[PDB]
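Each chain, written out:
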Amino acid sequence: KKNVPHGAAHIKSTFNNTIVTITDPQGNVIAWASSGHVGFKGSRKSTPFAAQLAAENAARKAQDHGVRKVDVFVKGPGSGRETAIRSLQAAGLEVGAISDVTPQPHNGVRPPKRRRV
Amino acid sequence: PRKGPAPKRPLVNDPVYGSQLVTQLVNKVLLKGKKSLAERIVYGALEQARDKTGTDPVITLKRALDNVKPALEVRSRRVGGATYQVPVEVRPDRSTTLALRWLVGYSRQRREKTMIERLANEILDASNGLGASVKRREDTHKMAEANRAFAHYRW
RNA sequence: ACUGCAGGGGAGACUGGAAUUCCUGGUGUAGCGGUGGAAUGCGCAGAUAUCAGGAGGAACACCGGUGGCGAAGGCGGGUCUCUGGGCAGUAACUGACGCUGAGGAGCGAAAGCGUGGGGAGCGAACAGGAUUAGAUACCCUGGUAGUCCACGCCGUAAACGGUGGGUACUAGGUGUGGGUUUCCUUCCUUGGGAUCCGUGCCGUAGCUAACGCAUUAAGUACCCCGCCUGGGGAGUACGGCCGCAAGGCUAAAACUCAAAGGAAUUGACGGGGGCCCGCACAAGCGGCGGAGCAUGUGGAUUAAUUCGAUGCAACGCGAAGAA
Ligand SMILES: [Mg+2]
Ligand SMILES: [Mg+2]
Ligand SMILES: [Mg+2]
Ligand SMILES: [Mg+2]
Ligand SMILES: [Mg+2]
Ligand SMILES: [Mg+2]
Ligand SMILES: [Mg+2]
Ligand SMILES: [Mg+2]
Ligand SMILES: [Mg+2]
Ligand SMILES: [Mg+2]
Ligand SMILES: [Mg+2]
Ligand SMILES: [Mg+2]
Ligand SMILES: [Mg+2]
Ligand SMILES: [Mg+2]
Ligand SMILES: [Mg+2]
Ligand SMILES: [Mg+2]
Ligand SMILES: [Mg+2]
Ligand SMILES: [Mg+2]
Ligand SMILES: [Mg+2]
Ligand SMILES: [Mg+2]
Ligand SMILES: [Mg+2]
Ligand SMILES: [Mg+2]
Ligand SMILES: [Mg+2]
Ligand SMILES: [Mg+2]
Ligand SMILES: [Mg+2]
Ligand SMILES: [Mg+2]
Ligand SMILES: [Mg+2]
Ligand SMILES: [Mg+2]
Ligand SMILES: [Mg+2]
Ligand SMILES: [Mg+2]
Ligand SMILES: [Mg+2]
Ligand SMILES: [Mg+2]
Ligand SMILES: [Mg+2]
């Protein structure tokens, strides 16, 4: 029963998965439908096709709560970073501003050991 | 091959029916060089086709093909430790080729007596959308609509 | 000595922000995580995600470079305190006070060890999952010591420029870091010329087995120290000294082999790279492998089954004629 006309869509896109949650500007979550909610399992979640269905499922489920305009905050080094933004435009939403909030440490904590694959 | 495309072969118009589609059907029925035998099946099955509809049979034949042309096929590729299918677009002159192989191919294992009446049933059960060659259209598409995740590997 | 100048040289104390994790609440609902592909695992008892506050530890994005500094090891978030060395100019001062240095003494990455703190993340040992003939590994989820701090010990590294320290001389070309000074000097250009000390690149004479070195020598010379004398046995044994221990330093012989080696050359090869081709694959059509029979072979049998052919490139082959 929550009603808000202006929102804020957050997108996290890793090498394994994408998650599209949509909040109000105060930061409270409305709808969050990701790439495992849309039916996929395993390495298929990282594909760009699985990102343009996760962004459709979070968009229609947010327009039922009255969201007509979002702000986009992508982060993560994923391949579903651009196809998720174009998926929000072909669902009835307006994108407004697209930002970049990928966390950048100032050489803080130690990364794991490099893979000898 | 290695050195580009090879020049494809022309097809002359069929003398009985003024269309290149009938003379492309007789070459899928053709076995062992018996071309006059393969022309007595295709001319025979089309005359049997007009005795159950009354419509001209090369108009019946094109509606039999428009329900079995695939739009997406499912060509395979090995990527890493697991191989998986890839959906690619079918060009138009392959969609004619891959459909006429399916009318002749599923009529040879249909339950009638002669080839003239086995072929004339599969054309009429595809002009209505009910045959077994039509079912392979919505099995090729279902395997191509369950693999849109792999469309970014187009060789 | 005096005047200048550059610097992550060291030590102590205080201190700043991003990020990781956890905790406490808000919203929200079924997945998240992970891989070549999965699974163990986390979650549905409210996770991942998103916002706000709070706790703690460790490393310091951009500047950052081909660069600076230090005897080497090594050294960078900011600030204050204390402190070592270097370079240029003046030529005020002492008047050979210099160089090297057996033994010796100090410093000395990382791992490790002692007592006491701290412990975010990472992570030997460990455990489970997957892979596989096996997998005590690679890959994944976890995870203890340790990594961090204080005071001691250890004293080893491919501790490397695989090149001991001082000095003198021997064509240059061209970058960059720290000075001083002359000419168009106010034409500003922070360009050009000269000189002193770093640091790289390419090059002549000369040297070298060759690769290469080449005013930062591996060139031409002189002074001092260390070290080598075929490869294994072996930086091992015994003895000694040091160490809390792990272990370090000094250091053999018997025996055994006729070699072990260094650079370059030609080829072959690679689950190295570039380009290119073949019914190689793909896209198709028809077969073989199953059945009866013909023909050749292996084997077996026989008085004899004449002999030859035996991955491709032997097996309807020599045999285009065995009653
Ligand atoms: Mg300092
Ligand atoms: Mg913080
Ligand atoms: Mg914690
Ligand atoms: Mg919460
Ligand atoms: Mg959270
Ligand atoms: Mg400091
Ligand atoms: Mg005097
Ligand atoms: Mg000395
Ligand atoms: Mg240590
Ligand atoms: Mg121990
Ligand atoms: Mg300790
Ligand atoms: Mg302790
Ligand atoms: Mg194990
Ligand atoms: Mg591990
Ligand atoms: Mg201290
Ligand atoms: Mg010591
Ligand atoms: Mg040594
Ligand atoms: Mg070193
Ligand atoms: Mg040495
Ligand atoms: Mg010398
Ligand atoms: Mg000296
Ligand atoms: Mg110089
Ligand atoms: Mg050179
Ligand atoms: Mg030499
Ligand atoms: Mg010897
Ligand atoms: Mg020893
Ligand atoms: Mg001993
Ligand atoms: Mg060699
Ligand atoms: Mg090759
Ligand atoms: Mg093939
Ligand atoms: Mg057979
Ligand atoms: Mg024989
Ligand atoms: Mg033959």
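Residues numbered from 1 in each chain as written, not as in the entry; some residues may be left out. Chains lettered and ligands numbered in written order. Part of a larger assembly, values for the part shown. Heavy atoms only, no water.

- Naming follows the PDB entry, where chain B appears as 30S ribosomal protein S7 of Mycobacterium tuberculosis.
- As deposited in the PDB, this entry carries the title "Mtb 70S initiation complex".
- The Sequence similarities field of the UniProt record for chain B holds the comment "Belongs to the universal ribosomal protein uS7 family." (UniProt positions renumbered as here; feature names shortened; annotations may be inferred.)

- For chain A, the name recorded in the PDB entry is 30S ribosomal protein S11, with Mycobacterium tuberculosis as its organism.
- What the UniProt record of chain A gives under Sequence similarities is the line "Belongs to the universal ribosomal protein uS11 family."

**Considerations on the nonpolar core**
Part 1 of the argument: Within the largest apolar cluster, 27 residues are counted, with the highest numbers of intra-cluster contacts made by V22(B), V42(B), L65(B) and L119(B).
Part 2 of the argument: When residues in this core are grouped by element, the largest group, six residues, is from helix α2 (residues 35-53) of chain B.
Part 3 of the argument: Excluding residues that lie within four positions of it along the chain, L65(B) makes contacts with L21(B), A99(B), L100(B) and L103(B).
Part 4 of the argument: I11(A), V20(A), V74(A) and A84(A) belong to the second largest nonpolar core, which has 19 residues in total. (Core = buried A, V, L, I, M, F, W, Y, C linked by side-chain atoms within 4.5 Å. Buried < 20%, exposed > 50% of the residue type's maximum accessible area, 1.4 Å probe, protein only. Helix = DSSP H or I, 4+ residues; strand = E, 2+ residues; numbered from the N terminus. Contact = heavy atoms within 4.5 Å.)

**Section: the side chain of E73(B)**
All names here are of chain B.
Part 1 of the argument: Within the secondary structure, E73 sits in strand β1 (residues 72-73).
Part 2 of the argument: Here the side chain of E73 touches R94 through a polar contact of 3.0 Å, side chain to side chain.
Part 3 of the argument: Those residues in contact with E73 that sit more than four places away from it in its chain are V86, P87, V88, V90, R94, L98, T140 and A144. (Polar contact = N/O pair within 3.5 Å; in protein donor to acceptor, adjacent residues only side chain to side chain.)

**Brief notes about the interface of chain B and chain A**
Part 1 of the argument: Across the contact, six residues belong to chain B and five residues belong to chain A.
Part 2 of the argument: In this assembly, chain B packs against chain A so that about 450 Å² is buried in total across both faces, 68% of it on carbon and sulfur atoms.
Part 3 of the argument: Among the residues chain B hides against chain A, the three largest losses belong to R148(B), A149(B) and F150(B). Together they make up 76% of the total.
Part 4 of the argument: Across the contact surface, chain B and chain A share zero salt bridges. (Buried area = accessible area lost by both parts, 1.4 Å probe. Salt bridge = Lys/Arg side-chain N within 4 Å of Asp/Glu carboxyl O.)

**Section: the environment of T21(A)**
All names here are of chain A.
Part 1 of the argument: Looking at where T21 falls in the secondary structure, it is placed in strand β2 (residues 18-23).
Part 2 of the argument: The sequence separation of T21 and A59 amounts to 38 residues, and the corresponding C-alpha distance is 9.1 Å.
Part 3 of the argument: With residues up to four places along the chain from it excluded, the contact list for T21 reads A8, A9, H10, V29, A31 and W32.

**Comments concerning empty space enclosed by the protein**
Residues and elements named next belong to chain A.
Part 1 of the argument: Counted under the stated rule, the structure contains one cavity of 30 Å³ or more.
Part 2 of the argument: When its volume is computed, the largest cavity comes out at roughly 40 Å³.
Part 3 of the argument: Around the largest cavity, the lining residues are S13, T14, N17, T18, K45, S46, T47, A51 and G80.
Part 4 of the argument: Among the residues making up the lining of the largest cavity, the classes are represented as one nonpolar, seven polar and one charged. (1 Å grid on protein atoms, 1.4 Å probe; cavity = no way out; pocket = protein on both sides within 12 Å on 5 of 7 lines; lining within 4 Å. Points joined across faces, edges and corners; volume = space filled by probe spheres on them. Nonpolar A, V, L, I, M, F, W, Y, C, P; charged D, E, K, R; others polar.)

**Considerations on the pairing of strand β1 (residues 8-13) of chain A**
Residues and elements named next belong to chain A.
Part 1 of the argument: Pairing of β1 with β2 involves six bridges; the strand directions are antiparallel. Looking at β2, one finds that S13 is bridged to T18.
Part 2 of the argument: Taken together, the four bridges between β1 and strand β4 (residues 72-75) define a ladder with parallel strand orientation. Along β4, the bridge assignment pairs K12 with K75. (Pairing = 2+ DSSP bridges.)

**Some points on the packing of helix α4 (residues 92-107) of chain B against helix α5 (residues 115-127) of chain B**
All names here are of chain B.
Part 1 of the argument: Viewed as axis vectors pointing N to C, α4 and α5 meet at an angle of 130°, and their least axial separation amounts to 9 Å. Our classification of the angle between α4 and α5 gives oblique. Relative to α5, α4 is oriented so that their crossing is right-handed. Facing α4, whose interface residues are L103, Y106 and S107, α5 presents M115, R118, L119, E122 and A126.
Part 2 of the argument: Grouping the amino acids of the contact of α4 with α5 by side-chain chemistry returns five nonpolar, one polar and two charged. (Axes fitted to C-alpha atoms, helices over the stretch in contact; angles between N-to-C directions. Parallel < 35°, antiparallel > 145°, perpendicular 65-115°, else oblique. Left-handed = near helix turned anticlockwise from the far one by under 90°.)

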